[PDB]
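Next up is one chain by itself, shown in structure tokens, the form deposited in one PDB entry.
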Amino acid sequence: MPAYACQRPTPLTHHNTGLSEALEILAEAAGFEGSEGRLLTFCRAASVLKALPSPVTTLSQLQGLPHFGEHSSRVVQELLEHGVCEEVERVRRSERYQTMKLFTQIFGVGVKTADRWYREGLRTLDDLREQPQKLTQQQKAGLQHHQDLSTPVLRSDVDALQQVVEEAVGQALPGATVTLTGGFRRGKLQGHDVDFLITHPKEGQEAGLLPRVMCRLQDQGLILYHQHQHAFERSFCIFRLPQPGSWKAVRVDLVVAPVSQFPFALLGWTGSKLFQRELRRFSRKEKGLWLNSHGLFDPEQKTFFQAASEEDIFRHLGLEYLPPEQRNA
């Protein structure tokens, strides 16, 4: 099995979910403590298990796998022998981890904000609501809707949202396209948000499209929150999704890219986050090119690669093409 996650298929469903879940708790906890090296190490080990064709029943099956050092091996050994890993259970039970998870899950809260709040003695959602001067407007909106935003977004929600976004995009600008990206493009059945990439086949015709889209959605009562950012033009939103007898707040990211950059933006926004990190590391370390959501830059020659498709980018980097459902690293 090759070293980089971008050199191997990682399907949606696999045979090692208990083990990968435990390593990913340790990765997340590492990130909460600012231990970025350890985060990446645990994330990589978990992603190896996701790519295996069979369940790991005994530790022999570890043999020959890259990115499976002593610590990750130890964790798996304890799970196989004892059905539980004490380091993992202590993390689960810890107030620090529980609170960092609570806070960072809220819309508009990252690790540094969550850690600051923790160090200042804040622990609960009510504690945050008692200190509104400490909150950004985005965070206030995340708190207002936290129950719905903690509820997994379903494929059925995605289909309804794609319909209203497509309708608004179509009415504002005939010819403009909407592409579902993120985890749902990778085949996921559930998610934390819905990601859309908007473009138009004529370069420049995408200008000013997003505010017209947003006006249309707002006048239908579909928007609870939006923050328009002029990097790609993007609106990070909370939609009010109608449902039978009720409604549901749902996070939606709308990203506009000029068509020349579309393949790079689709690649970046499709993920997984680890897949894309690995693809960028591969591009730099193995091919000496700098990949991002806007392009593929050769820093020696000072050149940008022209791509019409994701397949072009994979081909140019000397990688076998992986469709989005095999990017679940």
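Think of the rigid core as the biggest set of C-alphas that the two forms share within 1.5 Å after superposition. Residues carry their position along the shown sequence, with the first being 1.
Rigid core superposition in 8 other deposited structures of this protein puts the Cα atoms of one stretch, out of 299-307 and 23-31, farther from the shown form on average, and that stretch is 299-307. Take 181-189 and 127-135, fit the other structures onto the shown form by the rigid core, and average the C-alpha distances in 8 other deposited structures of this protein: the farther stretch is 127-135. The records show that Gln229 is omitted from the coordinate set of at least a third of the other eligible entries of this protein.
According to the record, the deposited sequence contains 10 or more residues between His230 and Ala231 that were left without coordinates.
Here 131-139 and 254-262 are compared by their mean Cα B-factor, and 254-262 comes out higher. The stretch 238-246 shows the higher mean C-alpha B-factor when 141-149 is compared against 238-246 in the entry. Of the candidates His71, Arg119, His192, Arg185, the PDB record gives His71 the highest C-alpha temperature factor. The entry lists C-alpha B-factors for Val48, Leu274, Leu59, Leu26, and the highest of these is at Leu59.
Ranked by Cα temperature factor within the chain, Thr99 sits in the lowest third according to the deposited record. Annotation for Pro211: CA B-factor lies in the middle third of the chain's modelled residues.
When the modelled residues of the chain are ordered by their C-alpha B factor, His226 lands in the middle third. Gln171: CA B factor in the highest third of modelled residues in this chain (values from the PDB entry).
Ranked by Cα temperature factor within the chain, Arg123 sits in the lowest third according to the deposited record.
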